[PDB]
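What follows is the content of model_5.tsv (TSV, C-alpha atoms).
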chain	number	residue	atom	x	y	z
O	624	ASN	CA	92.52	133.62	111.34
O	625	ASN	CA	94.58	136.83	111.41
O	626	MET	CA	92.50	137.14	114.67
O	627	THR	CA	94.54	138.14	117.84
O	628	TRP	CA	93.19	138.36	121.46
O	629	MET	CA	93.60	142.21	121.39
O	630	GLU	CA	91.38	142.38	118.21
O	631	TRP	CA	88.98	139.80	119.71
O	632	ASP	CA	88.53	142.10	122.76
O	633	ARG	CA	87.91	145.20	120.52
O	634	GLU	CA	85.26	143.37	118.41
O	635	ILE	CA	83.45	141.86	121.50
O	636	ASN	CA	83.26	145.37	122.99
O	637	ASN	CA	82.03	146.93	119.73
O	638	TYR	CA	79.21	144.37	119.25
O	639	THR	CA	78.23	144.53	123.00
O	640	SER	CA	77.86	148.39	122.90
O	641	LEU	CA	75.73	148.12	119.75
O	642	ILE	CA	73.38	145.47	121.29
O	643	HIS	CA	72.97	147.63	124.43
O	644	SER	CA	71.73	150.62	122.31
O	645	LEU	CA	69.43	148.44	120.12
O	646	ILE	CA	67.78	146.89	123.29
O	647	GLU	CA	67.40	150.34	125.06
O	648	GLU	CA	65.86	151.90	121.81
P	624	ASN	CA	78.00	114.18	128.53
P	625	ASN	CA	78.68	111.72	125.69
P	626	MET	CA	79.68	115.10	124.08
P	627	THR	CA	83.11	115.10	122.21
P	628	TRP	CA	84.87	118.15	120.61
P	629	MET	CA	84.25	116.67	117.09
P	630	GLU	CA	80.45	116.47	117.84
P	631	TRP	CA	80.56	119.93	119.51
P	632	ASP	CA	82.03	121.36	116.25
P	633	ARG	CA	79.31	119.64	114.09
P	634	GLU	CA	76.45	120.96	116.30
P	635	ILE	CA	77.89	124.57	116.46
P	636	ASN	CA	78.12	124.55	112.64
P	637	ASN	CA	74.59	123.15	112.22
P	638	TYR	CA	72.97	125.76	114.53
P	639	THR	CA	75.07	128.64	112.97
P	640	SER	CA	73.93	127.74	109.37
P	641	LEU	CA	70.31	127.61	110.54
P	642	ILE	CA	70.50	131.06	112.25
P	643	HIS	CA	72.08	132.56	109.11
P	644	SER	CA	69.09	131.41	106.95
P	645	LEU	CA	66.46	132.53	109.54
P	646	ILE	CA	68.07	136.08	109.72
P	647	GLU	CA	68.40	136.38	105.85
P	648	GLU	CA	64.68	135.22	105.40
J	624	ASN	CA	85.49	140.86	139.30
J	625	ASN	CA	84.37	139.41	142.65
J	626	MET	CA	83.10	136.74	140.16
J	627	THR	CA	83.93	133.04	141.12
J	628	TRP	CA	83.23	129.89	139.00
J	629	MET	CA	80.55	128.75	141.55
J	630	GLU	CA	78.71	132.15	141.13
J	631	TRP	CA	79.27	132.01	137.34
J	632	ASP	CA	77.51	128.59	137.27
J	633	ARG	CA	74.54	129.91	139.40
J	634	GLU	CA	74.04	132.98	137.13
J	635	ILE	CA	74.32	130.93	133.83
J	636	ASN	CA	71.65	128.55	135.21
J	637	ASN	CA	69.38	131.41	136.35
J	638	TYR	CA	69.48	133.20	132.96
J	639	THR	CA	69.07	129.87	131.01
J	640	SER	CA	65.88	128.92	133.01
J	641	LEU	CA	64.44	132.38	132.39
J	642	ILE	CA	65.08	132.22	128.59
J	643	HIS	CA	63.46	128.76	128.43
J	644	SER	CA	60.19	130.13	130.00
J	645	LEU	CA	60.18	133.30	127.81
J	646	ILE	CA	60.59	131.14	124.58
J	647	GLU	CA	57.88	128.57	125.68
J	648	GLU	CA	55.41	131.48	126.59
X	602	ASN	CA	63.97	145.85	113.33
X	603	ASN	CA	65.97	146.61	116.50
X	604	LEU	CA	65.48	142.94	117.59
X	605	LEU	CA	66.68	141.57	114.19
X	606	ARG	CA	69.75	143.86	114.41
X	607	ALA	CA	70.35	142.63	118.02
X	608	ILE	CA	70.21	138.91	116.95
X	609	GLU	CA	72.58	139.62	113.98
X	610	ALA	CA	75.12	141.29	116.32
X	611	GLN	CA	74.66	138.55	118.99
X	612	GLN	CA	75.42	135.93	116.29
X	613	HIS	CA	78.71	137.73	115.56
X	614	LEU	CA	79.48	137.66	119.35
X	615	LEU	CA	78.75	133.89	119.47
X	616	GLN	CA	81.08	133.29	116.49
X	617	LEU	CA	83.84	135.22	118.38
X	618	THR	CA	83.28	133.11	121.55
X	619	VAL	CA	83.43	129.87	119.46
X	620	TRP	CA	86.76	131.05	117.89
X	621	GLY	CA	88.14	131.71	121.40
X	622	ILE	CA	86.97	128.37	122.86
X	623	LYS	CA	88.57	126.47	119.91
X	624	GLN	CA	91.87	128.40	120.40
X	625	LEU	CA	91.87	127.46	124.12
X	626	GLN	CA	90.93	123.79	123.55
X	627	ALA	CA	93.92	123.41	121.17
X	628	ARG	CA	96.30	125.22	123.61
X	629	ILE	CA	95.28	123.19	126.74
X	630	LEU	CA	95.46	119.94	124.70
X	631	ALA	CA	99.03	121.01	123.60
X	632	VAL	CA	100.03	121.58	127.23
X	633	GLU	CA	98.42	118.28	128.37
X	634	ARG	CA	100.38	116.39	125.67
X	635	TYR	CA	103.64	118.24	126.48
X	636	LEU	CA	103.34	117.16	130.16
X	637	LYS	CA	102.45	113.54	129.22
X	638	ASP	CA	105.49	113.51	126.86
X	639	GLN	CA	107.83	114.84	129.62
G	602	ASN	CA	58.52	133.51	113.83
G	603	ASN	CA	61.97	133.60	112.20
G	604	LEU	CA	63.25	135.68	115.19
G	605	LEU	CA	61.80	133.19	117.77
G	606	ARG	CA	63.45	130.32	115.83
G	607	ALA	CA	66.75	132.31	115.77
G	608	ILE	CA	66.67	132.87	119.60
G	609	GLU	CA	65.86	129.15	120.20
G	610	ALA	CA	68.85	128.08	118.05
G	611	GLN	CA	71.11	130.77	119.63
G	612	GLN	CA	70.17	129.40	123.09
G	613	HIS	CA	71.36	125.95	121.95
G	614	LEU	CA	74.66	127.58	120.77
G	615	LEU	CA	75.08	129.30	124.17
G	616	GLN	CA	74.51	125.97	125.98
G	617	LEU	CA	77.27	124.40	123.78
G	618	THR	CA	79.69	127.28	124.58
G	619	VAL	CA	78.94	126.90	128.35
G	620	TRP	CA	79.67	123.11	128.10
G	621	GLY	CA	83.00	123.90	126.38
G	622	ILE	CA	84.04	126.61	128.87
G	623	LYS	CA	83.30	124.24	131.83
G	624	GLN	CA	85.37	121.45	130.15
G	625	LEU	CA	88.31	123.88	129.73
G	626	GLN	CA	88.08	125.33	133.26
G	627	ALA	CA	88.33	121.79	134.72
G	628	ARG	CA	91.25	120.86	132.40
G	629	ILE	CA	93.34	124.04	133.10
G	630	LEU	CA	92.65	123.67	136.86
G	631	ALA	CA	93.90	120.00	136.57
G	632	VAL	CA	97.09	121.18	134.86
G	633	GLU	CA	97.61	124.03	137.39
G	634	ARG	CA	97.29	121.52	140.27
G	635	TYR	CA	99.58	118.97	138.57
G	636	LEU	CA	102.32	121.64	138.25
G	637	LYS	CA	101.84	122.83	141.87
G	638	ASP	CA	102.06	119.16	143.01
G	639	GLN	CA	105.31	118.59	141.01
B	602	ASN	CA	58.03	141.55	124.67
B	603	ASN	CA	59.03	137.95	125.47
B	604	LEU	CA	61.60	138.10	122.60
B	605	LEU	CA	63.10	141.42	123.88
B	606	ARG	CA	63.35	139.89	127.39
B	607	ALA	CA	65.00	136.75	125.86
B	608	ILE	CA	67.64	138.87	123.98
B	609	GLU	CA	68.36	140.92	127.16
B	610	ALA	CA	68.93	137.71	129.19
B	611	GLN	CA	70.97	136.12	126.33
B	612	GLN	CA	73.20	139.24	126.32
B	613	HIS	CA	73.87	138.68	130.04
B	614	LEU	CA	74.77	135.01	129.23
B	615	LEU	CA	77.18	136.15	126.47
B	616	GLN	CA	78.86	138.61	128.89
B	617	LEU	CA	79.34	135.69	131.38
B	618	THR	CA	80.87	133.47	128.63
B	619	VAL	CA	83.24	136.33	127.60
B	620	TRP	CA	84.34	136.74	131.28
B	621	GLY	CA	85.04	132.97	131.45
B	622	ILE	CA	86.96	132.84	128.14
B	623	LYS	CA	89.17	135.80	129.25
B	624	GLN	CA	89.86	134.07	132.63
B	625	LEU	CA	90.92	130.88	130.78
B	626	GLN	CA	93.06	132.68	128.17
B	627	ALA	CA	95.06	134.37	130.98
B	628	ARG	CA	95.42	131.06	132.92
B	629	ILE	CA	96.59	128.96	129.90
B	630	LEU	CA	99.00	131.76	128.86
B	631	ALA	CA	100.38	131.71	132.50
B	632	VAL	CA	100.91	127.95	132.29
B	633	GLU	CA	102.50	128.19	128.79
B	634	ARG	CA	104.95	130.83	130.10
B	635	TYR	CA	105.71	128.85	133.28
B	636	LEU	CA	106.67	125.80	131.14
B	637	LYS	CA	108.77	127.92	128.73
B	638	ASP	CA	110.53	129.48	131.77
B	639	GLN	CA	111.27	126.01	133.30

Go ahead and express the file in the form of structure tokens.
Amino acid sequence: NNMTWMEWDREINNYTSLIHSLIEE
Amino acid sequence: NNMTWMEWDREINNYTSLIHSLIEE
Amino acid sequence: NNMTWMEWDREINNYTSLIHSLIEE
Amino acid sequence: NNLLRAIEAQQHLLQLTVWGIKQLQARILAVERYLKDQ
Amino acid sequence: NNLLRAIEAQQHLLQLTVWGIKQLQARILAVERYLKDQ
Amino acid sequence: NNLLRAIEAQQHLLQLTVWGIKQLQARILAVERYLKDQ
């Protein structure tokens, strides 16, 4: 949209870190 | 398979709308 | 990483078969 | 509640991967066409 | 039951994104090879 | 427990699809640049 590949990377990483914590907890 | 990009789009959209409702409910 | 497309295919297939069994059970 | 939160976040990841696949399908089709036209 | 249904539908989405990535890997490899061969 | 195991395995699938999309974005950008440079 406004989406760039640098922003896409940041958002993938953010959501992946969250899911890791949710799954561990 | 027979899969086209127009069909791929329709199926992504269909499954995404379903998941949204399941998650809200 | 060391990742190749032949290994990528094998791992996708392995995780997909597992999820199928978990969902059925 | 952790599993619902995980599925919500995974859905956001899937939407990001669909955006990226659609960007790449349009860019490879552009390149295919450019080469055909040359 | 809503979460099981969500995971089933998400699995179908993941299969669609794998189909699309494999289509694009074969098409970019074709283009790479075409350019090497030129 | 089956649903937690499903989400863990689905996360591994999503990581694989992100690896593949990043490989293809770098390869189509390389090809775009090569054609611009020609």

Problem set entry | Best match for closeness to chain P among X:617, X:603, X:633, X:626, counting only C-alpha atoms | X:626

Chain B contacts to chain X at 8 Å (only C-alpha atoms) as a PDB file with C-alpha atoms, in the frame of the given file:
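Output file result_34.pdb is given in full below:
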ATOM      1  CA  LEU B 604      61.600 138.100 122.600  1.00  0.00           C
ATOM      2  CA  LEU B 605      63.100 141.420 123.880  1.00  0.00           C
ATOM      3  CA  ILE B 608      67.640 138.870 123.980  1.00  0.00           C
ATOM      4  CA  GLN B 612      73.200 139.240 126.320  1.00  0.00           C
ATOM      5  CA  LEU B 615      77.180 136.150 126.470  1.00  0.00           C
ATOM      6  CA  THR B 618      80.870 133.470 128.630  1.00  0.00           C
ATOM      7  CA  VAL B 619      83.240 136.330 127.600  1.00  0.00           C
ATOM      8  CA  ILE B 622      86.960 132.840 128.140  1.00  0.00           C
ATOM      9  CA  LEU B 625      90.920 130.880 130.780  1.00  0.00           C
ATOM     10  CA  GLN B 626      93.060 132.680 128.170  1.00  0.00           C
ATOM     11  CA  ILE B 629      96.590 128.960 129.900  1.00  0.00           C
ATOM     12  CA  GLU B 633     102.500 128.190 128.790  1.00  0.00           C
TER      13      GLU B 633
END

For this session: For atom CA of residue 628 of chain O and atom CA of residue 646 of chain O, quote the distance in Å rounded to one decimal.
Result: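 Straight-line distance from atom CA of residue 628 of chain O to atom CA of residue 646 of chain O works out to 26.9 Å.
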
Any chance you could lay chain J over chain P, fitting all C-alpha atoms in order by least squares, and write the moved chain as a tab-separated table (two decimals) with C-alpha atoms, keeping the file's coordinate frame?
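File produced: superposed.tsv:
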chain	number	residue	atom	x	y	z
J	624	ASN	CA	78.00	114.18	128.52
J	625	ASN	CA	78.68	111.72	125.69
J	626	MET	CA	79.68	115.10	124.08
J	627	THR	CA	83.11	115.10	122.21
J	628	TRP	CA	84.87	118.15	120.61
J	629	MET	CA	84.25	116.68	117.09
J	630	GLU	CA	80.44	116.47	117.85
J	631	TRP	CA	80.56	119.93	119.51
J	632	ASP	CA	82.03	121.37	116.26
J	633	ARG	CA	79.31	119.63	114.09
J	634	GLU	CA	76.45	120.96	116.29
J	635	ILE	CA	77.89	124.57	116.47
J	636	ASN	CA	78.11	124.55	112.64
J	637	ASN	CA	74.58	123.14	112.23
J	638	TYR	CA	72.98	125.76	114.52
J	639	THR	CA	75.07	128.64	112.98
J	640	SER	CA	73.93	127.73	109.38
J	641	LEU	CA	70.31	127.61	110.54
J	642	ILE	CA	70.50	131.06	112.25
J	643	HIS	CA	72.08	132.57	109.11
J	644	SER	CA	69.08	131.41	106.94
J	645	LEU	CA	66.46	132.53	109.54
J	646	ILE	CA	68.08	136.08	109.72
J	647	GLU	CA	68.40	136.38	105.85
J	648	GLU	CA	64.68	135.22	105.40

Exercise. Atom CA of residue 613 of chain G to atom CA of residue 638 of chain P: how many Å, to one decimal?
Worked result: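 According to the coordinates, atom CA of residue 613 of chain G and atom CA of residue 638 of chain P are separated by 7.6 Å.
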
Could you fit chain G onto chain B by least squares over every C-alpha atom, paired in order, and give me the moved chain as a CSV table (one decimal) with C-alpha atoms, in the coordinates of the input?
chain,number,residue,atom,x,y,z
G,602,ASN,CA,58.0,141.5,124.7
G,603,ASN,CA,59.0,138.0,125.5
G,604,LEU,CA,61.6,138.1,122.6
G,605,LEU,CA,63.1,141.4,123.9
G,606,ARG,CA,63.3,139.9,127.4
G,607,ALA,CA,65.0,136.8,125.9
G,608,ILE,CA,67.6,138.9,124.0
G,609,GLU,CA,68.4,140.9,127.2
G,610,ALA,CA,68.9,137.7,129.2
G,611,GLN,CA,71.0,136.1,126.3
G,612,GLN,CA,73.2,139.2,126.3
G,613,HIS,CA,73.9,138.7,130.0
G,614,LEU,CA,74.8,135.0,129.2
G,615,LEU,CA,77.2,136.2,126.5
G,616,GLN,CA,78.9,138.6,128.9
G,617,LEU,CA,79.3,135.7,131.4
G,618,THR,CA,80.9,133.5,128.6
G,619,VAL,CA,83.2,136.3,127.6
G,620,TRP,CA,84.3,136.7,131.3
G,621,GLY,CA,85.0,133.0,131.4
G,622,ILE,CA,87.0,132.8,128.1
G,623,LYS,CA,89.2,135.8,129.3
G,624,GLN,CA,89.9,134.1,132.6
G,625,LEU,CA,90.9,130.9,130.8
G,626,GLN,CA,93.1,132.7,128.2
G,627,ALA,CA,95.1,134.4,131.0
G,628,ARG,CA,95.4,131.1,132.9
G,629,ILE,CA,96.6,129.0,129.9
G,630,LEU,CA,99.0,131.8,128.9
G,631,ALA,CA,100.4,131.7,132.5
G,632,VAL,CA,100.9,128.0,132.3
G,633,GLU,CA,102.5,128.2,128.8
G,634,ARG,CA,105.0,130.8,130.1
G,635,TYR,CA,105.7,128.8,133.3
G,636,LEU,CA,106.7,125.8,131.1
G,637,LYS,CA,108.8,127.9,128.7
G,638,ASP,CA,110.5,129.5,131.8
G,639,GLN,CA,111.3,126.0,133.3

Exercise. Please, which residues are within 8 Å of (80.2, 116.2, 129.7) by the file's coordinates, counting only C-alpha atoms, and could they come as JSON, numbers by chain?
Worked result: {"P": [624, 625, 626], "G": [620, 624]}

Using C-alpha atoms, can you write the selected residues to a file as a PDB file, keeping the file's coordinate frame?
ATOM      1  CA  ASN P 624      78.000 114.180 128.530  1.00  0.00           C
ATOM      2  CA  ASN P 625      78.680 111.720 125.690  1.00  0.00           C
ATOM      3  CA  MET P 626      79.680 115.100 124.080  1.00  0.00           C
TER       4      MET P 626
ATOM      5  CA  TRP G 620      79.670 123.110 128.100  1.00  0.00           C
ATOM      6  CA  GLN G 624      85.370 121.450 130.150  1.00  0.00           C
TER       7      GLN G 624
END

Exercise. Between atom CA of residue 606 of chain B and atom CA of residue 645 of chain J, what is the spacing in Å?
Worked result: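 Calculated distance between atom CA of residue 645 of chain J and atom CA of residue 606 of chain B is 7.3 Å.
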
Exercise. Can you tell me, as a ChimeraX atom specification, what residues are no more than 9 Å from residue 639 of chain O when counting all atoms listed in the file, ignoring any on the same chain fewer than 3 positions away?
Worked result: /O:634-636,642-644 /X:610-611,614 /B:612,616

Fill-in result for segment 631-648 of chain P, N, CA and C atoms as a PDB file, keeping the file's coordinate frame:
ATOM      1  N   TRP P 631      80.818 118.531 119.091  1.00  0.00           N
ATOM      2  CA  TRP P 631      80.560 119.930 119.510  1.00  0.00           C
ATOM      3  C   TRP P 631      80.688 120.830 118.274  1.00  0.00           C
ATOM      4  N   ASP P 632      81.780 120.635 117.524  1.00  0.00           N
ATOM      5  CA  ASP P 632      82.030 121.360 116.250  1.00  0.00           C
ATOM      6  C   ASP P 632      80.846 121.183 115.281  1.00  0.00           C
ATOM      7  N   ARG P 633      80.389 119.948 115.069  1.00  0.00           N
ATOM      8  CA  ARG P 633      79.310 119.640 114.090  1.00  0.00           C
ATOM      9  C   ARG P 633      78.027 120.373 114.486  1.00  0.00           C
ATOM     10  N   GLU P 634      77.659 120.294 115.763  1.00  0.00           N
ATOM     11  CA  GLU P 634      76.450 120.960 116.300  1.00  0.00           C
ATOM     12  C   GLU P 634      76.560 122.500 116.234  1.00  0.00           C
ATOM     13  N   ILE P 635      77.697 123.103 116.609  1.00  0.00           N
ATOM     14  CA  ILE P 635      77.890 124.570 116.460  1.00  0.00           C
ATOM     15  C   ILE P 635      77.604 124.967 115.009  1.00  0.00           C
ATOM     16  N   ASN P 636      78.157 124.191 114.079  1.00  0.00           N
ATOM     17  CA  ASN P 636      78.120 124.550 112.640  1.00  0.00           C
ATOM     18  C   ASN P 636      76.674 124.467 112.160  1.00  0.00           C
ATOM     19  N   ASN P 637      75.983 123.433 112.621  1.00  0.00           N
ATOM     20  CA  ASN P 637      74.590 123.150 112.220  1.00  0.00           C
ATOM     21  C   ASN P 637      73.709 124.310 112.699  1.00  0.00           C
ATOM     22  N   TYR P 638      73.834 124.689 113.966  1.00  0.00           N
ATOM     23  CA  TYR P 638      72.970 125.760 114.530  1.00  0.00           C
ATOM     24  C   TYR P 638      73.347 127.102 113.887  1.00  0.00           C
ATOM     25  N   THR P 639      74.625 127.370 113.600  1.00  0.00           N
ATOM     26  CA  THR P 639      75.070 128.640 112.970  1.00  0.00           C
ATOM     27  C   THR P 639      74.492 128.820 111.555  1.00  0.00           C
ATOM     28  N   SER P 640      74.507 127.757 110.736  1.00  0.00           N
ATOM     29  CA  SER P 640      73.930 127.740 109.370  1.00  0.00           C
ATOM     30  C   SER P 640      72.429 128.011 109.435  1.00  0.00           C
ATOM     31  N   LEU P 641      71.747 127.359 110.369  1.00  0.00           N
ATOM     32  CA  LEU P 641      70.310 127.610 110.540  1.00  0.00           C
ATOM     33  C   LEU P 641      70.068 129.099 110.833  1.00  0.00           C
ATOM     34  N   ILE P 642      70.771 129.679 111.798  1.00  0.00           N
ATOM     35  CA  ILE P 642      70.500 131.060 112.250  1.00  0.00           C
ATOM     36  C   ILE P 642      70.733 132.013 111.081  1.00  0.00           C
ATOM     37  N   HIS P 643      71.766 131.741 110.289  1.00  0.00           N
ATOM     38  CA  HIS P 643      72.080 132.560 109.110  1.00  0.00           C
ATOM     39  C   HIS P 643      70.854 132.626 108.184  1.00  0.00           C
ATOM     40  N   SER P 644      70.265 131.482 107.852  1.00  0.00           N
ATOM     41  CA  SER P 644      69.090 131.410 106.950  1.00  0.00           C
ATOM     42  C   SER P 644      67.898 132.148 107.569  1.00  0.00           C
ATOM     43  N   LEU P 645      67.630 131.919 108.854  1.00  0.00           N
ATOM     44  CA  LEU P 645      66.460 132.530 109.540  1.00  0.00           C
ATOM     45  C   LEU P 645      66.524 134.058 109.452  1.00  0.00           C
ATOM     46  N   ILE P 646      67.720 134.617 109.667  1.00  0.00           N
ATOM     47  CA  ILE P 646      68.070 136.080 109.720  1.00  0.00           C
ATOM     48  C   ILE P 646      67.982 136.682 108.295  1.00  0.00           C
ATOM     49  N   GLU P 647      68.357 135.922 107.275  1.00  0.00           N
ATOM     50  CA  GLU P 647      68.400 136.380 105.850  1.00  0.00           C
ATOM     51  C   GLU P 647      66.933 136.457 105.410  1.00  0.00           C
ATOM     52  N   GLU P 648      66.154 135.376 105.660  1.00  0.00           N
ATOM     53  CA  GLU P 648      64.680 135.220 105.400  1.00  0.00           C
ATOM     54  C   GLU P 648      63.894 136.092 106.396  1.00  0.00           C
TER      55      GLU P 648
END
